[PDB]
């Protein structure tokens, strides 16, 4: 779980040191940025099922070949797993805005994903079309505030650079 | 390892729920009192060399058999490896005070510590009354009631941080019991 | 090997006996440990390697890097290309041990003859000289094996910064007894894995799975087999002085010694409550004299005549120093040290009783008559 | 050196990762707390001749045995190399308030100090009695602010806990 | 436990060797030199309460600052633990004359001593003035023989060279 | 490890006693019989190749089931791994006779030897026979009563050194029962 | 070269120590034993033309089978190389008596001898029959002194146990 606190303790433990002034100075920047990304987290916590119906078919309108026979998404029990997977990925971005780091996206969503989708014949570009549609559908004074949409759209393209 | 915010995520991951609005009311009061937490671990780390020498040499005041021949704090290799071990325990307690959660103490320090001390021949009852001297030292340094050194703080009340670091010290003595 | 891994995990820890690069004239750890009671590790420091130091080097290779096995005079012919180049100086000590680790000698013993779970166990022991730190570090190496197989997984240790900060290019690897450990439970696991001077690794089972997931605790007699032996103890072991009695006479003598240690604990706890009651008896008066002006007649400045109390006179300092101090709390403290001596004596007696029960149950589970 | 920036860059260099959102959040705390610690740096840089002269003869008023023949501070050249050394130690405290971490005290003042002072028969109680005078002579509204005096006196007893 | 025997058994066990002629030749020097060092071991075992009392207040008559409040001789338990330590060191020199090597001073008196004396604030120049008092009051025909003085003094400044 | 001199030290360190006059006289008699002991261990390490071939062939000469298919010393590779267990047991006795103590026998030679022998499937009683054949050979060279090799010594009698080396081979056989 | 000098230097260097009293007492037994083994050395260095004639014909009487046509001991020019070899083994035993250890036998006579004598088909029983005859021919008051024949005979059967 990579956060701000679990990387200044894990660096102080790796040299056998007490927490010094540079370790206490990094928790202060976790306090200052906490008003921004917790505004973005409660925006995502109520509005999560709207933005995954909006971003799920943005994959399917770009890629209509998934509903071909022989392909990834034929029947209705496979389309709903694709809308399950975007809600899995949007929940972990809500977890990353709480802990203040890319911890819960890493071990729960990113690690091992490039061998899951490669073996189970899922195209990784159809995942990234759902995340990148959500990146520019955000309106920076309307939905959240200005720098609170900075850290919402900073964890979104960390997921985009990881998936490809 | 976990911290205080990774602890509330893995509770919310157990029900596959989003960290909503009612449980953000308590997280905003954690970060509002985050300046007292950094002001509290700074009163332990500043006093940390005299804390493990008031404690190990106060353990000897209640047990002269450690400094008898054959004893555990007898020779110079053995007193040096006990003053080493007393400040490892103070290091991982101050990590969990800083992280807000005792997960780094329970698996990197306290797991397997009891049967480590059986095998080397360490008296585990003398370690419990050594880490309980450091428990009383830490809660005198948080609440600014040590008699020989006073530090300069702002006005207020840090009693909840005193009984959070007291519960990290009776979590040590439950593991070597 | 320029990428060597693929995973965005959380990082595990290191040791503490590493090359620091700031203060490189420092002893650090291994000055108060069980490093002092092993034989000192062998590093190549001369280019010649005279033939009795050549044989003394390869004995450390079979003991530490191999699993205290025996190399025959045909299995040492498989290393004869690699003993061109180590003796000349063309390859290092680190490149020699890797060439040993890719032999047909090592691949018959430690890869095919054992399991896959046992093969990952020894690579932390034979090459790094420790245990797995946790299950996260051990499960990384199942993915390094899943990418590129044997020689990708073997090169993960010799191409590491934890290797070259400790062993360098010159020292043969060894089991490390440093002071501070990365979890505490990796100290117990390395004493289970490398235990006893005459113990091989042939036909042993896999050990380090159920400790690393907190399923099976390591028994304290299995750590005593791993530790190097000190001369002085408080309680020297009856490892060789247990008599050959049956399995049922060992079970009765263990449960008696566990019961005597339970009653000795709960009269040591009654001694600690009497020490806490003795201090509260005198705490109104210890603080009453805390702010009195107690000026003596001699003993502090050297301008007055003090007699024998310049220091103390002629044998009156005692065996300890605390035995010359009188008081109600010093007198109940000497009762604590005589009561903790009898508890520690019988807690070390249930350790070697538990060894003899396991060493008789290994006879029964092996196909035999009892 | 050891600071906030050298910690999160080295932790990402070991992992082989780009500087992500957890790393920039910690250098935001280097923006907020630098107003306190750089006030104490320029208060120390403009007053250092008077505070190492005061702290140096607190060492010699307490350990008066050092001026004996055959002891440490025998002649005047050997006393003047003591005030040379308290001036080196205050200058590394000033370099630590600038950088934002204990790195300049670590690499240049503390590493190797036990080996040197033992082999040259210099008492480490004499160096601690100079630093501990300066920590107690500090007055929290007269000499600096209340937040500059808690950064200055947290690098002082980093040096007391590393010498002793 | 570095003796003549353990330094040649461990040499022969490392190469897998039987005890050959170079191993037995070194035990003949353990026979030929034991008459000089066991004569110093029996003079030390029969005179030790007078030689560690005389060296113990060589510390306290030289360094009168230790009796100060807060300092390192302040109460009577602290003075009694000072003479205990000189009695611990002169017992370990006596053990080293018996075994013929520096082994009991190594593992029981020297290993870890500089960490203990720094943590507990004990001046290691006050230890050296006790040991060098004993090394310089030795009268080589009155107190032992001539070659018993060179075995007594050799383990005495093995202790001075390792404590400082 | 310890020797005969540092056994007196670690027994007096448990009492915090100086090495006095009574136990010095037992050590002064160790040095006066020191030329006997170097004469004694020179007799065993000169004949050590014949002893491990007289031992493990005579163990096979009494137990002919060890070379049947399904025996411990059946093949050629396992025969060399019993010949290697002849000359390591004989090596660590030769260090123990030279030192005057059984420390190097206890913490190196017998340390983990029984637990290895369970896991390999070594016959327990056949290792007691081959060690005791080497006990029958070792006292035959200390008392100079060997049948086909006579070695020249000085005038005297060494019945105490032959009893000390007999007790070392019983300590080998007591540990692998 | 395992002498008594290069085992106490080579074990102080493995621990990083100065030469102690354990290391000087090994060299004291080198002064005691050198009066016997150097007396046995120059006894051997004058007599060596007749001893290696006595060593060579003993194995041709014990093993007279070598003079068959087709297997090994064919002609006189082979047999003159067999007197070359027993003169080389006596020259190394003379070198070990000057070194004071099994040095020159180990690296010039023993190492690689198990491979040279095997692949050239030379039975080492003929070498032991050549050289146990010189172990038995030594009359202890006629040839040398009492303990000078101890150290002559103890390097000889080290060579016997190495070959067979």
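Miscellaneous remarks
Letters are used for the chains, namely A, B, C, D, E, F and G, taken in the order the chains are written, and counting of residues starts over at 1 for each.
Definition applied: a contact is a pair of C-beta atoms (placed from the backbone, for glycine too) under 8 Å apart; a residue touches a chain by one contact, two chains touch by 3 or more.
Chain labels with UniProt names: A, D, E, G = Phycoerythrin alpha subunit; B, F = B-phycoerythrin beta chain.
Among the remaining chains, A is positioned farthest from subunit E (Phycoerythrin alpha subunit), on the basis of C-alpha centroids. Of all residue numbers used where subunit D (Phycoerythrin alpha subunit) meets subunit E (Phycoerythrin alpha subunit), over half belong to both copies. The two sides are thus made of the same residues. More than half of the contact pairs of A-B, counted by residue number, reappear in one of E-F, B-D or B-E; that pair is E-F. Separation between the centroids of subunit C and subunit F (B-phycoerythrin beta chain), computed from CA atoms only, is 29 Å. Centres computed as Cα averages put subunit E (Phycoerythrin alpha subunit) at a distance of 35 Å from subunit F (B-phycoerythrin beta chain).
Our note on geometry: subunit B (B-phycoerythrin beta chain) versus subunit F (B-phycoerythrin beta chain), Cα centroid distance of 53 Å, whole angstroms. The residues of subunit D (Phycoerythrin alpha subunit) that reach two or more other chains are 11, 154, 158, 164, listed in rising order. In subunit B (B-phycoerythrin beta chain), the residues that touch at least two other chains are 42, 48-49, 69-70, 75, 77, 80-81, 84, 108. Taken residue by residue, subunit C touches two or more other chains at 8, 11, 32, 36, 52-53, 180, 231-232, 319-322, whereas all remaining positions touch fewer.
Under the contact rule stated at the top, the pairs of chains that touch are A-B, A-C, A-D, B-C, B-D, B-E, B-F, C-D, C-E, C-F, C-G, D-E, E-F, E-G, F-G.
Put simply, subunit C touches subunit G (Phycoerythrin alpha subunit) in their complex at residues 40, 42, 45, 50-53, 73. For subunit B (B-phycoerythrin beta chain) in complex with subunit D (Phycoerythrin alpha subunit), the residues that touch the partner chain are 42, 46-49, 152, 154. On the side of subunit C, the complex with subunit A (Phycoerythrin alpha subunit) involves touching residues 6-11, 13-14, 16, 180. Taken together, the subunit E (Phycoerythrin alpha subunit) residues at the contact with subunit C in this complex read 1, 10, 14-17, 49-50, 53, 56-57, 59-61, 64, 67, 76-84, 87, 107-108, 111-112, 115.
Residues 1-2, 6, 10, 13-16, 103, 106-107, 110-112, 114, 162 of subunit A (Phycoerythrin alpha subunit) touch subunit C in their complex.
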